[PDB]
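**Q** Please find the sequence and an experimentally derived structure below.
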Amino acid sequence: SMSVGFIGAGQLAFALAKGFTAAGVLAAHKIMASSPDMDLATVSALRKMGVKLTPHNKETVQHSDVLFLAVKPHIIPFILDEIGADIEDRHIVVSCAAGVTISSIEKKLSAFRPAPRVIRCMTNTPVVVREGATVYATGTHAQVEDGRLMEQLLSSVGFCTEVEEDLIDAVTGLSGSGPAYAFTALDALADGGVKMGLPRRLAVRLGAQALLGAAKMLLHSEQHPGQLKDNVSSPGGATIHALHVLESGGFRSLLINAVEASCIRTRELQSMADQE
Amino acid sequence: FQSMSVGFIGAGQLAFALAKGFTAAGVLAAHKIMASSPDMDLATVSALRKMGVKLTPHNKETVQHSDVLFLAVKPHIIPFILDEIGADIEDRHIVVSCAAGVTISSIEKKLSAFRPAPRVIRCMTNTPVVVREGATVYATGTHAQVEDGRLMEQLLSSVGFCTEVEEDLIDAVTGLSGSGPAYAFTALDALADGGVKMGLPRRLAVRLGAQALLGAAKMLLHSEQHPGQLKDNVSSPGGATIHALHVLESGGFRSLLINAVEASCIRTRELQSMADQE
Amino acid sequence: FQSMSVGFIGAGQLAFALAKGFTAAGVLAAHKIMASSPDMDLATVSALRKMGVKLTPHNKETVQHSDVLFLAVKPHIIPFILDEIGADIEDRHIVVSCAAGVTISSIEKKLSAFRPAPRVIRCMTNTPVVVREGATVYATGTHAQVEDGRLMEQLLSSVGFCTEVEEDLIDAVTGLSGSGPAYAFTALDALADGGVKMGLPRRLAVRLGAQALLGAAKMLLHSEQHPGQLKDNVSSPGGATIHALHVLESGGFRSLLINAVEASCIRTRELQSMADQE
Amino acid sequence: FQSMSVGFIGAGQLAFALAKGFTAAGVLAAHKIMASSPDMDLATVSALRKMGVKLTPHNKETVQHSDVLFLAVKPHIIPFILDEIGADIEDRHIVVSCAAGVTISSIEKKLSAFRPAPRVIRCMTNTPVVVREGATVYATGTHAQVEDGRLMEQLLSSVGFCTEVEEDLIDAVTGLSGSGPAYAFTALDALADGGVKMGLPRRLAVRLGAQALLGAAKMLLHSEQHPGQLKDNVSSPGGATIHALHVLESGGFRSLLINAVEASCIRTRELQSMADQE
Ligand SMILES: NC(=O)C1=CN([C@@H]2O[C@H](COP(=O)(O)OP(=O)(O)OC[C@H]3O[C@@H](n4cnc5c(N)ncnc54)[C@H](O)[C@@H]3O)[C@@H](O)[C@H]2O)C=CC1
Ligand SMILES: NC(=O)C1=CN([C@@H]2O[C@H](COP(=O)(O)OP(=O)(O)OC[C@H]3O[C@@H](n4cnc5c(N)ncnc54)[C@H](O)[C@@H]3O)[C@@H](O)[C@H]2O)C=CC1
Ligand SMILES: NC(=O)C1=CN([C@@H]2O[C@H](COP(=O)(O)OP(=O)(O)OC[C@H]3O[C@@H](n4cnc5c(N)ncnc54)[C@H](O)[C@@H]3O)[C@@H](O)[C@H]2O)C=CC1
Ligand SMILES: NC(=O)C1=CN([C@@H]2O[C@H](COP(=O)(O)OP(=O)(O)OC[C@H]3O[C@@H](n4cnc5c(N)ncnc54)[C@H](O)[C@@H]3O)[C@@H](O)[C@H]2O)C=CC1
Ligand SMILES: CC(C)(C)[C@H](O)C(=O)O
Ligand SMILES: CC(C)(C)[C@H](O)C(=O)O
Ligand SMILES: CC(C)(C)[C@H](O)C(=O)O
Ligand SMILES: CC(C)(C)[C@H](O)C(=O)O
């Protein structure tokens, strides 16, 4: 029954729309997405899914019950000025934009109607295979059932939980950027397999299966990742020799550096936006 | 395969992980599984008992019970248990060695002193078979029948990915997907430390980091695109992800994971060469 | 036994540390202990004398006094004193070698040239036996009776942790708990320097750093949880500890301690290889 | 006093650790302790309840129960609970803030708006109070009576080392002994990895590494000698320990621990600067 809109018909709109329709929670034709350029590739893929496309953001707003903001963060103020007069009391406005605060969104929208229902979320591209990692925070006028509705919807495409808004920039550096850390690691592990004599295709398949299985083990275990590691490492054995060379390069410190750098850049960009 | 009895020589981490995976998959009833260990007071033995798996101190009883016999002892114990139960191997047995490094030829040579034509398969797997997401390769031995490889692939596919390989790939597979979960646990612990540094509670940071790794791995498995293209899709221009990828690159992140696979593979080969010297 | 007599061949640091621990524990009166060194002017010799330990320059006299005979000379002197005292070993003697690296085989070979069936135990301990918090492992030799191992474990448990191991673990134990105290002394000196840099008086910084290390070690010994979980409990999100852990990780702190255990273990094995060649 | 009543505002890790230590020491019966948290479903809340500690969601009830009132909430919550309970502080109350970074000045300013002359003590402790081996410092506030400091030192000495300091030392103490246990847990995990690399079972490696750290720390606390002298006594010429110390030095081991104390102390000061601005 629910009509869903995406302002911005790009990578994230495609990923969510694919996940929602694969989950069977939405019919593709009950989704509408808008972008200025109707000839983009993401738009073609959405079109082939059966999603409704239009260049006009107002049509997306008028179609939608739940309205996702899926444009780049510096575009958010422009489209809020554009469609703010079109937001109705029935709308739930879900901002997916990195860094952009609920306060900044409500300030724009409240100049039109007084009580906009805003939810901010951070998700990631694996919603496309229904294994996303999603957090959300509720705005000033978001009703209790608004947050419940959004958790049910986003749980259909992965993990979803409510957070205080002040955690979301850190979540962005961990699970928002996290898939890229994983793709980098998987490319490098495959190079390692190839160096040691494996065909590339097998090395890619085995590395990716190893990462998936290990992540699932941790999610299903009550034990600390160090204990799961201890269970792998036999005394004198192959694994503990390999963990040593990771440690000698400061492997752990690089991943900490990465989360920190993505979080800090997220905060720094929003600081630029608020100054502007 | 209801007519199939499965046994484990060794009742430790891998025997538990496989028995838990097989029974969760429904391909084996736990009472059709027997496992043996000289220490019936181990945490893995207690876990196997509560599953319904039959337990005995005596390896000979495992052999007599089993059709498919998994060798799940440490690699240096393999020649001792081959000498112990070699005279008990029957024509019906398929011997599946899971031991790192240990060659099919060394196993066949030991068993053939007792009865010619032992049916031997060598595999390398990993602990995530316990959640039915293992990564398993196997190589068939000299006297393994064609049906033996198909049978073993059917059984091991129920607990994850499984494919046949030439034996000379297995030591490298060991360094990639055998040791792989440990690389992942290390990475996930570090990613969680990063989440905590930036203000997340530890439990949430662990959950999100693990989910991000799982989802990305599944994306790559289900996509036709290169990991670099999927990575390019994450990084917006000027954005948070590309800033983070730069600091990974500045530390030689990629080279460390190459070093790891290499070090595990080389150690695997080194240990077997020491065993072959003995 | 409260009638048991104990001897040390080599009245140096370890003989002092064990004798101090045994007597502080009350398991031995100092007068049941005899120690021998060629130089009766050593400081360790004077310290033992003040405790009430019997001293002599003659290793034969220590052998005649003793039931349990500790060998506490430097490893390259072990063959020399075995040649000197071998004809004086009796049926009643338990010979306990504390020497790093020196194998039970090499000791039994020297002593068996004089008299068959020497009862030999090899141990590795560490200096904190002086405060009854040592870490000790032992392996029993070919002719040690079952009660010899139990007696030695009872004695050494009075001054710290003590457990039986296979002899092939002892060189690795040497690199971990034998050299271990030196790693801790280095760490405590540096932690104190950090406290001083941030404005603490040296005496307070030393006291707090050592207390923190002691308490943390005791927590781990008394906990069922992984050290990573205990570390996670210390680290509040965004907080001081997680910031400090990051700078440790950026320097490869963990890899340095792995390097250290490895280097001590490898050196221990290399030194014994040189002795065996000679 | 055996009539003294103790309260914890914030029934989390530190409240559990202190309550466990106080009761294990016998200085307080569990029923003289009350702790409050807004979520009565927390694991720390259940652990305290099993010990016999009184629990309530209402911070006012803890204040009414208590003579000595510990503030054991996260630092940014301190101003919130001072506003909540300030009108309930009485002449009899000793308010002991355990919060990292939070100054006596800021606490006395909030409480004095309700009632003049609050008796305030600030402390910094660490988690090993749970095994009665904490490291604790305290500074007395403007209106603390002389016996208030003595009472607090007597109480906190029951669970470890405790001494009075000037308040301007506490942020540095935080970086040394407050974060200290986490440095030790990291070191012990890595030492165990080294033991495992060289062939030790994990459980034995963890046990020996922790015992070595504990014993070394106890040696230093009981010795009059410099940690460098104790280190010198471990290092035999040409031997295993001095080889291992070299590889520590080549990685700048000492500098990493200095970096850590500094980073924790600086972060502690920075967090309080942010609070003071707010
Ligand atoms: N891609 C992901 O997996 C995730 C992205 N996000 C957030 O989602 C938002 C979009 O990310 P992507 O989809 O990656 O960027 P993208 O660049 O692929 O798509 C952006 C879309 O906005 C469209 N657009 C530009 N100007 C517009 C306007 N005036 N009106 C309407 N549409 C307009 C562009 O044509 C394009 O279709 C960003 O704020 C990003 O931070 C958050 C979580 C993960
Ligand atoms: N743990 C893993 O994830 C994987 C392990 N492997 C291989 O599986 C084998 C076992 O690995 P884990 O189970 O991790 O070792 P583990 O040490 O947990 O279990 C070893 C078992 O062998 C038993 N055992 C010792 N001597 C025995 C004897 N004479 N007869 C019967 N049982 C005896 C021990 O009591 C213990 O139950 C090794 O060869 C390892 O390389 C292969 C791939 C993955
Ligand atoms: N110091 C420690 O905490 C530990 C030391 N060990 C082992 O204990 C043995 C000695 O260690 P330290 O006491 O540190 O050495 P140390 O050099 O302090 O004492 C060695 C003693 O042997 C004496 N000695 C030299 N030639 C002798 C002879 N011909 N007959 C009798 N005594 C003779 C020396 O005079 C000196 O008193 C070494 O093999 C060392 O590996 C093992 C574990 C811990
Ligand atoms: N954990 C340790 O070993 C040490 C901690 N500290 C300090 O102790 C304080 C707490 O440390 P942890 O116990 O580790 O924190 P924790 O987070 O484990 O426990 C904090 C407790 O405060 C409770 N809380 C939250 N809002 C509250 C409210 N409005 N009223 C009452 N209780 C409330 C939480 O529910 C939780 O039970 C912090 O200021 C920390 O700096 C100082 C020295 C050592
Ligand atoms: C799975 C593997 C054989 C690599 C194990 O982790 C080991 O190190 O022995
Ligand atoms: C998901 C995320 C917002 C982190 C995106 O990958 C970006 O870098 O802009
Ligand atoms: C004990 C300490 C206050 C340093 C805590 O571990 C933290 O990091 O907040
Ligand atoms: C205890 C030990 C044998 C390791 C001594 O410290 C040495 O280096 O010789």
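**A** Looks like it came in fine. Residues are numbered from 1 along each chain as shown, chains lettered A, B, ... in the order given. Ligands and ions are numbered 1, 2, ... in the order given.

**Q** Are stretch A:126-139 and chain B in contact anywhere?
**A** Yes - judged by Cβ under 8 Å from any Cβ of the partner chain, stretch A:126-139 comes into contact with chain B through A:126, A:127, A:128, A:129, A:131, A:132, A:133, A:135. Heads up, the C-betas are built off the backbone N, CA and C, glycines and all.

**Q** May I have that stretch as PDB, with CA atoms only?
**A** Extracted as PDB, the C-alpha positions of stretch A:126-139 are listed here (Å, rounded to 0.1, in the frame of the first residue of the first chain):
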ATOM      1  CA  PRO A 126      24.800  -4.000   0.900                       C
ATOM      2  CA  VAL A 127      21.000  -3.200   1.300                       C
ATOM      3  CA  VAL A 128      21.100  -4.300  -2.400                       C
ATOM      4  CA  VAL A 129      21.600  -7.900  -1.200                       C
ATOM      5  CA  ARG A 130      19.400  -7.300   1.900                       C
ATOM      6  CA  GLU A 131      22.500  -7.300   4.200                       C
ATOM      7  CA  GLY A 132      22.700  -3.500   4.900                       C
ATOM      8  CA  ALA A 133      23.700  -1.900   8.200                       C
ATOM      9  CA  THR A 134      21.300   0.900   9.000                       C
ATOM     10  CA  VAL A 135      20.900   3.300  11.900                       C
ATOM     11  CA  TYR A 136      18.200   5.900  12.300                       C
ATOM     12  CA  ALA A 137      17.400   8.800  14.600                       C
ATOM     13  CA  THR A 138      14.000  10.400  14.900                       C
ATOM     14  CA  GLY A 139      13.300  14.100  14.600                       C
END
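
**Q** Centre of the chain to that stretch, how far?
**A** 6 Å (Cα atoms, centre = their mean, to the nearest Å).

**Q** Can you name the residues of chain A that neighbour ligand 6?
**A** By Cβ under 6 Å from any ligand atom, the residues of chain A that approach ligand 6 are A:98, A:124, A:172, A:176, A:177.

**Q** quick one, helices of the stretch 151-276 of chain A?
**A** Taking DSSP state H, counting those that start in this stretch as the test, the helices found in the stretch 151-276 of chain A are A:168-171, A:178-195, A:200-220, A:225-232, A:238-248, A:251-275.

**Q** now the longest one, how far from the centre of its chain.
**A** Looking back up the chat, that one is helix A:251-275. Distance of helix A:251-275 from the chain centroid (Cα atoms, centre = their mean) equals 16 Å.

**Q** Just confirm yes or no for it near chain B.
**A** Yes - counting by Cβ under 8 Å from any Cβ, chain B is contacted by helix A:251-275 at A:251-266, A:269.

**Q** So which bits of the stretch 101-250 of chain A are right by chain C?
**A** Residues of the stretch 101-250 of chain A lying near chain C (Cβ under 8 Å from any Cβ): A:223, A:224, A:225, A:226, A:227, A:230, A:244, A:247, A:248, A:249, A:250.

**Q** Is residue A:71 in contact with residue A:8, as I believe?
**A** Yes - with contacts counted by Cβ atoms under 8 Å, residue A:71 reaches residue A:8, the gap being 3.7 Å.

**Q** To residue A:37, which of the helices of the stretch 151-276 of chain A lies closest?
**A** Residue A:37 sits nearest to helix A:251-275 of all those, at 23.4 Å, using Cβ to Cβ.

**Q** Okay, buried residues for the closest one please.
**A** By neighbour count on 16 or more other Cβ atoms under 10 Å in any protein chain shown, the buried set for helix A:251-275 is A:251-267, A:269-270, A:273.

**Q** Identify the residue spatially nearest to residue A:47, adjacent ones excluded.
**A** residue A:53 (5.5 Å; Cβ to Cβ, 6 or more residues apart in numbering or on different chains).

**Q** Surely the one you found touches residue A:8?
**A** No - counting by Cβ under 8 Å, residue A:53 stays clear of residue A:8, with 11.9 Å between them.

**Q** Overlap of the contact sets of these two?
**A** Common contact partners of residue A:53 and residue A:8 (Cβ atoms under 8 Å, 6 or more residues apart in numbering or on different chains): A:33, A:34, A:35.

**Q** can you tell me which of those are in helices?
**A** Among those, no member falls in helices (criterion: DSSP state H).

**Q** ok, of those residues, which one's closest to ligand 3?
**A** residue A:33 (72.4 Å; Cβ to the nearest ligand atom).

**Q** Switch the residues of chain A next to ligand 6 over to JSON lines, and while doing so, append neighbour count to every line.
**A** Below are these laid out as JSON lines (neighbours: other Cβ atoms under 10 Å in any protein chain shown):
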{"residue": "A:98", "neighbour count": "24"}
{"residue": "A:124", "neighbour count": "29"}
{"residue": "A:172", "neighbour count": "27"}
{"residue": "A:176", "neighbour count": "30"}
{"residue": "A:177", "neighbour count": "30"}
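
**Q** on that earlier part again, of the residues of the stretch 101-250 of chain A next to chain C - the most surrounded one?
**A** When neighbours are counted by other Cβ atoms under 10 Å in any protein chain shown, residue A:225 leads these with 28 neighbours.

**Q** List the residues that contact the residue of the stretch 1-150 of chain A found nearest ligand 7.
**A** Residue nearest to ligand 7 within the stretch 1-150 of chain A (Cβ to the nearest ligand atom): residue A:135, separated by 23.3 Å. Counting by Cβ under 8 Å, 6+ apart, residue A:135 makes contact with A:121, A:122, A:160, A:161, A:162, A:163, A:167, A:168, A:171, B:208.
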